[PDB]
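**Student:** To be precise about what I am sending: the file is called my_file12.pdb and holds PDB, C-alpha atoms (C1' of nucleotides).
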```
ATOM      1  CA  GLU A   2     -10.801 -22.206  36.167  1.00  0.00           C
ATOM      2  CA  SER A   3     -13.825 -20.340  37.562  1.00  0.00           C
ATOM      3  CA  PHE A   4     -13.014 -16.967  39.155  1.00  0.00           C
ATOM      4  CA  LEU A   5     -14.279 -13.516  38.091  1.00  0.00           C
ATOM      5  CA  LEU A   6     -17.022 -15.024  35.925  1.00  0.00           C
ATOM      6  CA  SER A   7     -18.293 -16.771  39.054  1.00  0.00           C
ATOM      7  CA  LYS A   8     -18.033 -13.478  40.940  1.00  0.00           C
ATOM      8  CA  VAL A   9     -19.813 -11.570  38.169  1.00  0.00           C
ATOM      9  CA  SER A  10     -22.473 -14.276  37.889  1.00  0.00           C
ATOM     10  CA  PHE A  11     -23.088 -13.953  41.633  1.00  0.00           C
ATOM     11  CA  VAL A  12     -23.585 -10.209  42.097  1.00  0.00           C
ATOM     12  CA  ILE A  13     -26.193 -10.318  39.325  1.00  0.00           C
ATOM     13  CA  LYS A  14     -28.107 -12.933  41.312  1.00  0.00           C
ATOM     14  CA  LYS A  15     -27.534 -10.969  44.520  1.00  0.00           C
ATOM     15  CA  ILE A  16     -28.942  -7.694  43.184  1.00  0.00           C
ATOM     16  CA  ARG A  17     -31.824  -9.337  41.301  1.00  0.00           C
ATOM     17  CA  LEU A  18     -33.073 -10.960  44.503  1.00  0.00           C
ATOM     18  CA  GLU A  19     -32.401  -7.829  46.582  1.00  0.00           C
ATOM     19  CA  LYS A  20     -34.515  -6.019  43.988  1.00  0.00           C
ATOM     20  CA  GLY A  21     -37.094  -8.757  44.515  1.00  0.00           C
ATOM     21  CA  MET A  22     -37.038  -9.589  40.811  1.00  0.00           C
ATOM     22  CA  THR A  23     -37.252 -12.880  38.933  1.00  0.00           C
ATOM     23  CA  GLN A  24     -35.282 -14.534  36.128  1.00  0.00           C
ATOM     24  CA  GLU A  25     -38.313 -14.082  33.880  1.00  0.00           C
ATOM     25  CA  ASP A  26     -38.440 -10.441  34.953  1.00  0.00           C
ATOM     26  CA  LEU A  27     -34.728  -9.920  34.303  1.00  0.00           C
ATOM     27  CA  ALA A  28     -34.801 -11.652  30.913  1.00  0.00           C
ATOM     28  CA  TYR A  29     -37.713  -9.448  29.858  1.00  0.00           C
ATOM     29  CA  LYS A  30     -36.380  -6.119  31.134  1.00  0.00           C
ATOM     30  CA  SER A  31     -32.947  -6.768  29.610  1.00  0.00           C
ATOM     31  CA  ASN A  32     -34.365  -8.017  26.294  1.00  0.00           C
ATOM     32  CA  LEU A  33     -32.611 -11.351  26.853  1.00  0.00           C
ATOM     33  CA  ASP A  34     -33.695 -14.964  27.341  1.00  0.00           C
ATOM     34  CA  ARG A  35     -34.730 -16.748  30.543  1.00  0.00           C
ATOM     35  CA  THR A  36     -32.721 -19.801  29.483  1.00  0.00           C
ATOM     36  CA  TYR A  37     -29.676 -17.553  29.109  1.00  0.00           C
ATOM     37  CA  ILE A  38     -30.209 -15.718  32.404  1.00  0.00           C
ATOM     38  CA  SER A  39     -30.592 -19.041  34.221  1.00  0.00           C
ATOM     39  CA  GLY A  40     -27.377 -20.518  32.835  1.00  0.00           C
ATOM     40  CA  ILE A  41     -25.385 -17.449  33.864  1.00  0.00           C
ATOM     41  CA  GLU A  42     -26.379 -17.507  37.550  1.00  0.00           C
ATOM     42  CA  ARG A  43     -25.318 -21.163  37.633  1.00  0.00           C
ATOM     43  CA  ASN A  44     -22.149 -20.483  35.608  1.00  0.00           C
ATOM     44  CA  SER A  45     -23.065 -22.261  32.368  1.00  0.00           C
ATOM     45  CA  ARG A  46     -22.778 -19.358  29.922  1.00  0.00           C
ATOM     46  CA  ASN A  47     -19.718 -17.406  28.772  1.00  0.00           C
ATOM     47  CA  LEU A  48     -21.249 -13.910  29.066  1.00  0.00           C
ATOM     48  CA  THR A  49     -20.139 -10.878  27.042  1.00  0.00           C
ATOM     49  CA  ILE A  50     -19.647  -7.219  27.979  1.00  0.00           C
ATOM     50  CA  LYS A  51     -22.549  -5.954  25.873  1.00  0.00           C
ATOM     51  CA  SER A  52     -24.689  -8.779  27.263  1.00  0.00           C
ATOM     52  CA  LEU A  53     -23.743  -7.544  30.731  1.00  0.00           C
ATOM     53  CA  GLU A  54     -24.545  -3.913  29.945  1.00  0.00           C
ATOM     54  CA  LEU A  55     -28.081  -5.066  29.169  1.00  0.00           C
ATOM     55  CA  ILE A  56     -28.288  -6.761  32.569  1.00  0.00           C
ATOM     56  CA  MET A  57     -27.467  -3.645  34.607  1.00  0.00           C
ATOM     57  CA  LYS A  58     -30.200  -1.820  32.694  1.00  0.00           C
ATOM     58  CA  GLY A  59     -32.611  -4.691  33.275  1.00  0.00           C
ATOM     59  CA  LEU A  60     -31.673  -4.727  36.952  1.00  0.00           C
ATOM     60  CA  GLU A  61     -32.002  -0.930  36.915  1.00  0.00           C
ATOM     61  CA  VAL A  62     -28.561  -0.145  38.340  1.00  0.00           C
ATOM     62  CA  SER A  63     -25.724   2.059  37.063  1.00  0.00           C
ATOM     63  CA  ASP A  64     -22.431   0.673  35.756  1.00  0.00           C
ATOM     64  CA  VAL A  65     -20.562   2.387  38.593  1.00  0.00           C
ATOM     65  CA  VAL A  66     -22.540   0.735  41.395  1.00  0.00           C
ATOM     66  CA  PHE A  67     -22.313  -2.745  39.857  1.00  0.00           C
ATOM     67  CA  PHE A  68     -18.520  -2.592  39.677  1.00  0.00           C
ATOM     68  CA  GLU A  69     -18.236  -1.007  43.131  1.00  0.00           C
ATOM     69  CA  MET A  70     -20.332  -3.895  44.442  1.00  0.00           C
ATOM     70  CA  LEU A  71     -18.323  -6.327  42.329  1.00  0.00           C
ATOM     71  CA  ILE A  72     -15.063  -5.092  43.870  1.00  0.00           C
ATOM     72  CA  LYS A  73     -16.376  -5.731  47.392  1.00  0.00           C
ATOM     73  CA  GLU A  74     -17.794  -9.151  46.527  1.00  0.00           C
ATOM     74  CA  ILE A  75     -14.434 -10.640  45.502  1.00  0.00           C
ATOM     75  CA  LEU A  76     -12.918  -9.652  48.847  1.00  0.00           C
TER      76      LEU A  76
ATOM     77  CA  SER B   3     -21.918   1.143  21.958  1.00  0.00           C
ATOM     78  CA  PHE B   4     -20.634   2.405  25.300  1.00  0.00           C
ATOM     79  CA  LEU B   5     -19.395   0.034  28.018  1.00  0.00           C
ATOM     80  CA  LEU B   6     -17.372  -2.049  25.559  1.00  0.00           C
ATOM     81  CA  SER B   7     -15.686   1.180  24.457  1.00  0.00           C
ATOM     82  CA  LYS B   8     -15.004   2.206  28.052  1.00  0.00           C
ATOM     83  CA  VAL B   9     -13.448  -1.113  29.045  1.00  0.00           C
ATOM     84  CA  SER B  10     -11.344  -1.114  25.874  1.00  0.00           C
ATOM     85  CA  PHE B  11      -9.936   2.296  26.802  1.00  0.00           C
ATOM     86  CA  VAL B  12      -8.582   0.865  30.053  1.00  0.00           C
ATOM     87  CA  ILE B  13      -7.155  -2.189  28.281  1.00  0.00           C
ATOM     88  CA  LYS B  14      -4.714  -0.225  26.124  1.00  0.00           C
ATOM     89  CA  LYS B  15      -4.092   2.257  28.937  1.00  0.00           C
ATOM     90  CA  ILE B  16      -2.646  -0.256  31.403  1.00  0.00           C
ATOM     91  CA  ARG B  17      -0.961  -1.842  28.383  1.00  0.00           C
ATOM     92  CA  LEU B  18       0.649   1.545  27.750  1.00  0.00           C
ATOM     93  CA  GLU B  19       1.260   2.078  31.469  1.00  0.00           C
ATOM     94  CA  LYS B  20       3.018  -1.271  31.865  1.00  0.00           C
ATOM     95  CA  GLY B  21       4.802  -0.482  28.608  1.00  0.00           C
ATOM     96  CA  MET B  22       4.116  -3.329  26.198  1.00  0.00           C
ATOM     97  CA  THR B  23       2.960  -3.875  22.622  1.00  0.00           C
ATOM     98  CA  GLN B  24      -0.250  -5.641  21.612  1.00  0.00           C
ATOM     99  CA  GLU B  25       1.959  -8.556  20.583  1.00  0.00           C
ATOM    100  CA  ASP B  26       3.239  -8.693  24.163  1.00  0.00           C
ATOM    101  CA  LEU B  27      -0.279  -8.729  25.590  1.00  0.00           C
ATOM    102  CA  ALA B  28      -1.265 -11.257  22.931  1.00  0.00           C
ATOM    103  CA  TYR B  29       1.424 -13.614  24.252  1.00  0.00           C
ATOM    104  CA  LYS B  30       1.117 -12.944  27.988  1.00  0.00           C
ATOM    105  CA  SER B  31      -2.650 -13.487  27.855  1.00  0.00           C
ATOM    106  CA  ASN B  32      -2.566 -16.335  25.325  1.00  0.00           C
ATOM    107  CA  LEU B  33      -4.733 -14.544  22.760  1.00  0.00           C
ATOM    108  CA  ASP B  34      -4.434 -13.870  19.021  1.00  0.00           C
ATOM    109  CA  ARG B  35      -3.047 -10.407  18.263  1.00  0.00           C
ATOM    110  CA  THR B  36      -5.910  -9.797  15.826  1.00  0.00           C
ATOM    111  CA  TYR B  37      -8.276 -10.252  18.778  1.00  0.00           C
ATOM    112  CA  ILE B  38      -6.326  -7.944  21.104  1.00  0.00           C
ATOM    113  CA  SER B  39      -6.226  -5.563  18.165  1.00  0.00           C
ATOM    114  CA  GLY B  40      -9.952  -6.081  17.632  1.00  0.00           C
ATOM    115  CA  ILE B  41     -11.184  -5.065  21.081  1.00  0.00           C
ATOM    116  CA  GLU B  42      -9.050  -1.908  20.936  1.00  0.00           C
ATOM    117  CA  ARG B  43     -10.266  -0.857  17.476  1.00  0.00           C
ATOM    118  CA  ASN B  44     -13.618  -1.086  19.238  1.00  0.00           C
ATOM    119  CA  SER B  45     -14.525  -3.780  19.110  1.00  0.00           C
ATOM    120  CA  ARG B  46     -15.135  -7.483  19.372  1.00  0.00           C
ATOM    121  CA  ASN B  47     -17.903  -8.492  21.806  1.00  0.00           C
ATOM    122  CA  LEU B  48     -15.270  -9.606  24.345  1.00  0.00           C
ATOM    123  CA  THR B  49     -16.233 -12.339  26.806  1.00  0.00           C
ATOM    124  CA  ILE B  50     -15.511 -12.104  30.536  1.00  0.00           C
ATOM    125  CA  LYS B  51     -13.199 -15.126  30.292  1.00  0.00           C
ATOM    126  CA  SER B  52     -11.006 -13.306  27.778  1.00  0.00           C
ATOM    127  CA  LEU B  53     -11.077 -10.171  29.941  1.00  0.00           C
ATOM    128  CA  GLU B  54      -9.728 -12.192  32.863  1.00  0.00           C
ATOM    129  CA  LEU B  55      -6.863 -13.368  30.652  1.00  0.00           C
ATOM    130  CA  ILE B  56      -6.045  -9.763  29.760  1.00  0.00           C
ATOM    131  CA  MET B  57      -5.614  -8.732  33.386  1.00  0.00           C
ATOM    132  CA  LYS B  58      -3.357 -11.746  33.965  1.00  0.00           C
ATOM    133  CA  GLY B  59      -1.048 -10.660  31.151  1.00  0.00           C
ATOM    134  CA  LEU B  60      -1.417  -7.059  32.286  1.00  0.00           C
ATOM    135  CA  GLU B  61       0.143  -7.883  35.664  1.00  0.00           C
ATOM    136  CA  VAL B  62      -2.767  -6.173  37.437  1.00  0.00           C
ATOM    137  CA  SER B  63      -5.503  -7.412  39.758  1.00  0.00           C
ATOM    138  CA  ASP B  64      -9.175  -7.057  38.842  1.00  0.00           C
ATOM    139  CA  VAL B  65      -9.902  -4.648  41.702  1.00  0.00           C
ATOM    140  CA  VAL B  66      -7.350  -2.122  40.425  1.00  0.00           C
ATOM    141  CA  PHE B  67      -8.780  -2.645  36.940  1.00  0.00           C
ATOM    142  CA  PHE B  68     -12.385  -1.921  37.901  1.00  0.00           C
ATOM    143  CA  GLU B  69     -11.346   0.983  40.129  1.00  0.00           C
ATOM    144  CA  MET B  70      -9.477   2.441  37.161  1.00  0.00           C
ATOM    145  CA  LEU B  71     -12.455   1.610  34.946  1.00  0.00           C
ATOM    146  CA  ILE B  72     -14.839   3.445  37.283  1.00  0.00           C
ATOM    147  CA  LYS B  73     -12.585   6.509  37.409  1.00  0.00           C
ATOM    148  CA  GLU B  74     -12.804   6.436  33.607  1.00  0.00           C
ATOM    149  CA  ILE B  75     -16.611   6.302  33.860  1.00  0.00           C
ATOM    150  CA  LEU B  76     -17.221   9.402  36.036  1.00  0.00           C
ATOM    151  CA  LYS B  77     -17.456  12.626  33.993  1.00  0.00           C
TER     152      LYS B  77
ATOM    153  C1'  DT C   1       7.563 -16.484  -3.064  1.00  0.00           C
ATOM    154  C1'  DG C   2       7.790 -11.315  -3.558  1.00  0.00           C
ATOM    155  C1'  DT C   3       5.483  -7.243  -3.220  1.00  0.00           C
ATOM    156  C1'  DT C   4       1.635  -4.007  -3.592  1.00  0.00           C
ATOM    157  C1'  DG C   5      -1.763  -1.486  -1.006  1.00  0.00           C
ATOM    158  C1'  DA C   6      -4.719  -0.045   2.683  1.00  0.00           C
ATOM    159  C1'  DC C   7      -5.419  -0.260   7.364  1.00  0.00           C
ATOM    160  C1'  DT C   8      -3.136  -0.370  11.762  1.00  0.00           C
ATOM    161  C1'  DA C   9       0.025   0.655  15.750  1.00  0.00           C
ATOM    162  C1'  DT C  10       4.000   2.924  17.191  1.00  0.00           C
ATOM    163  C1'  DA C  11       6.937   6.576  18.729  1.00  0.00           C
ATOM    164  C1'  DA C  12       8.410  11.592  19.274  1.00  0.00           C
ATOM    165  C1'  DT C  13       6.492  15.880  20.358  1.00  0.00           C
ATOM    166  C1'  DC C  14       3.769  19.597  21.994  1.00  0.00           C
ATOM    167  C1'  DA C  15       0.633  21.966  25.123  1.00  0.00           C
ATOM    168  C1'  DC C  16      -2.668  22.408  28.557  1.00  0.00           C
ATOM    169  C1'  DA C  17      -4.722  20.157  32.016  1.00  0.00           C
ATOM    170  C1'  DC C  18      -4.816  18.625  36.916  1.00  0.00           C
ATOM    171  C1'  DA C  19      -2.549  18.078  41.904  1.00  0.00           C
TER     172       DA C  19
ATOM    173  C1'  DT D   1       5.607  23.955  40.553  1.00  0.00           C
ATOM    174  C1'  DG D   2       5.293  18.873  38.804  1.00  0.00           C
ATOM    175  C1'  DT D   3       3.314  14.918  36.466  1.00  0.00           C
ATOM    176  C1'  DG D   4       0.161  13.302  33.054  1.00  0.00           C
ATOM    177  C1'  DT D   5      -3.549  12.861  29.642  1.00  0.00           C
ATOM    178  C1'  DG D   6      -4.980  14.688  25.036  1.00  0.00           C
ATOM    179  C1'  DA D   7      -3.908  15.664  20.371  1.00  0.00           C
ATOM    180  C1'  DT D   8      -0.598  15.799  16.512  1.00  0.00           C
ATOM    181  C1'  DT D   9       2.418  14.212  12.679  1.00  0.00           C
ATOM    182  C1'  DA D  10       5.069  10.684  10.919  1.00  0.00           C
ATOM    183  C1'  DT D  11       7.357   6.438  10.877  1.00  0.00           C
ATOM    184  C1'  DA D  12       6.937   1.654  11.083  1.00  0.00           C
ATOM    185  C1'  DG D  13       4.304  -2.144  11.365  1.00  0.00           C
ATOM    186  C1'  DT D  14       0.480  -5.549  10.071  1.00  0.00           C
ATOM    187  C1'  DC D  15      -2.302  -8.535   6.963  1.00  0.00           C
ATOM    188  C1'  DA D  16      -4.464  -9.982   3.008  1.00  0.00           C
ATOM    189  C1'  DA D  17      -4.801 -10.383  -1.602  1.00  0.00           C
ATOM    190  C1'  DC D  18      -2.539 -11.330  -6.084  1.00  0.00           C
ATOM    191  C1'  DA D  19       0.970 -13.621 -10.435  1.00  0.00           C
TER     192       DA D  19
END
```
Produce structure tokens that represent the structure in this file.

**Tutor:**
Amino acid sequence: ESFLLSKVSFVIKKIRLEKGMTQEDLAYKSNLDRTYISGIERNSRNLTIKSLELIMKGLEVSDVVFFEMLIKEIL
Amino acid sequence: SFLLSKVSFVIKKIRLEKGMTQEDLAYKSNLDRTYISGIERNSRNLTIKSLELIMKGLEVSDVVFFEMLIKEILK
DNA sequence: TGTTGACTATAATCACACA
DNA sequence: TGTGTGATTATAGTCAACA
């Protein structure tokens, strides 16, 4: 009652910090909301595919890399 | 209207690789057929939680799903 | 209940990728 | 060689009104 979503909501936080960004920066660059971005990283939002596609663009990272990094992270 | 269409392609593919109807995936993943139908028509927004249920009823891990998804991304 | 109608998947087939 | 994805007709299937 947690997995995958927890793993997806972790890589986002990993990359964002490795990119030296902020939740206010991510919410702005992905046209989303800081309250929404916050809740995700702490696993309090359901998160959709389209709402994830916006994140990778806000984080400035291709879809391929995100999933490749996602695959590793679960291991 | 891209990533949701690329994930959906893999959904029916493994469904057609494992050899099962949408009604079978609807049952095995505990989801309404109209919803399973929906995401394949392209689409319904599709939450991550629902996506996790799909893989469970698809008898495949997430790593083999994303790997297959990525292979379907590179052209 | 019974059935019409439009929107679907489904299944059989072909043909050209690819390895 | 060999399997497999794409595209195709064509059948069967779904659902959502109606009286």

**Student:** Could you name the residues that touch segment 18-23 of chain A at 8 Å or less, counting all atoms listed in the file, but leaving out those on the same chain fewer than 4 positions away, as a CSV table (one decimal) with C-alpha atoms, in the coordinates of the input?

**Tutor:**
```csv
chain,number,residue,atom,x,y,z
A,14,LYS,CA,-28.1,-12.9,41.3
A,27,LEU,CA,-34.7,-9.9,34.3
A,60,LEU,CA,-31.7,-4.7,37.0
```

**Student:** Please identify every residue of chain D that has at least one atom no more than 12 Å from any atom of chain B, counting all atoms listed in the file, and report them as a PyMOL selection string.

**Tutor:** chain D and resi 4-5+13-15

**Student:** Starting from the shown file, work through the PyMOL selection byres ((chain B) within 12 of (chain C)) and note down what comes out as an NGL selection string.

**Tutor:** :B and (14 or 18 or 21-25 or 35-36 or 38-40 or 42-43)

**Student:** Distance atom CA of residue 44 of chain B-atom CA of residue 52 of chain A, one decimal place?

**Tutor:** 15.7 Å

**Student:** Calculate how many Å separate atom CA of residue 7 of chain B from atom CA of residue 49 of chain A, rounding to one decimal.

**Tutor:** 13.1 Å

**Student:** Just need the box for segment 2-19 of chain C, edges along x, y and z, holding every atom the file lists for it with 3 Å tacked onto each side, so centre and edge lengths in Å to one decimal, as lines of an AutoDock Vina configuration file.

**Tutor:**
```
center_x = 1.5
center_y = 5.5
center_z = 19.2
size_x = 19.8
size_y = 39.7
size_z = 51.5
```

**Student:** Rank nothing, just name the residue among A:63, A:10, A:74, A:47 nearest to chain B, using only C-alpha atoms.

**Tutor:**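 Among A:63, A:10, A:74, A:47, it is A:47 that comes nearest to chain B.
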
**Student:** Can you turn the PyMOL selection byres ((chain B and resi 52) around 12) into a concrete residue list for this file, as a PyMOL selection string?

**Tutor:** (chain A and resi 5-6+47-50) or (chain B and resi 13+27-28+31-34+37-38+41+46-51+53-59)

**Student:** Output C-alpha atoms for every residue in the selection just made, as an mmCIF file, in the frame of the given file.

**Tutor:**
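Result went into out_28.cif, see below:
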```cif
data_model
loop_
_atom_site.group_PDB
_atom_site.id
_atom_site.type_symbol
_atom_site.label_atom_id
_atom_site.label_comp_id
_atom_site.auth_asym_id
_atom_site.auth_seq_id
_atom_site.Cartn_x
_atom_site.Cartn_y
_atom_site.Cartn_z
ATOM 1 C CA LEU A 5 -14.279 -13.516 38.091
ATOM 2 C CA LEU A 6 -17.022 -15.024 35.925
ATOM 3 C CA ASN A 47 -19.718 -17.406 28.772
ATOM 4 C CA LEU A 48 -21.249 -13.910 29.066
ATOM 5 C CA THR A 49 -20.139 -10.878 27.042
ATOM 6 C CA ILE A 50 -19.647 -7.219 27.979
ATOM 7 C CA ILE B 13 -7.155 -2.189 28.281
ATOM 8 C CA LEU B 27 -0.279 -8.729 25.590
ATOM 9 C CA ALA B 28 -1.265 -11.257 22.931
ATOM 10 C CA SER B 31 -2.650 -13.487 27.855
ATOM 11 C CA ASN B 32 -2.566 -16.335 25.325
ATOM 12 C CA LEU B 33 -4.733 -14.544 22.760
ATOM 13 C CA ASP B 34 -4.434 -13.870 19.021
ATOM 14 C CA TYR B 37 -8.276 -10.252 18.778
ATOM 15 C CA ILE B 38 -6.326 -7.944 21.104
ATOM 16 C CA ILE B 41 -11.184 -5.065 21.081
ATOM 17 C CA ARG B 46 -15.135 -7.483 19.372
ATOM 18 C CA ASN B 47 -17.903 -8.492 21.806
ATOM 19 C CA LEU B 48 -15.270 -9.606 24.345
ATOM 20 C CA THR B 49 -16.233 -12.339 26.806
ATOM 21 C CA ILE B 50 -15.511 -12.104 30.536
ATOM 22 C CA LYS B 51 -13.199 -15.126 30.292
ATOM 23 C CA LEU B 53 -11.077 -10.171 29.941
ATOM 24 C CA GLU B 54 -9.728 -12.192 32.863
ATOM 25 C CA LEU B 55 -6.863 -13.368 30.652
ATOM 26 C CA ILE B 56 -6.045 -9.763 29.760
ATOM 27 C CA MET B 57 -5.614 -8.732 33.386
ATOM 28 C CA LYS B 58 -3.357 -11.746 33.965
ATOM 29 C CA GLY B 59 -1.048 -10.660 31.151
#
```

**Student:** Could you list the residues in chain A lying within 10 Å of chain B, using all atoms listed in the file, and format the result as a list in words?

**Tutor:**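 My answer is residues 2, 3, 4, 5, 6, 9, 47, 48, 49, 50, 51, 52, 53, 54, 64, 65, 66, 68, 69, 71, 72, 73, 75 and 76 of chain A.
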
**Student:** Please compute the atom CA of residue 30 of chain B-atom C1' of residue 11 of chain D distance, one decimal, in Å.

**Tutor:**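 Atom-to-atom, atom CA of residue 30 of chain B and atom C1' of residue 11 of chain D are spaced 26.6 Å apart.
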
**Student:** Which neighbours of residue 20 of chain B fall inside 10 Å, counting only C-alpha atoms (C1' of nucleotides), when residues of the same chain fewer than 6 positions from it are skipped, and could you give them as a ChimeraX atom specification?

**Tutor:** /B:14,60-62
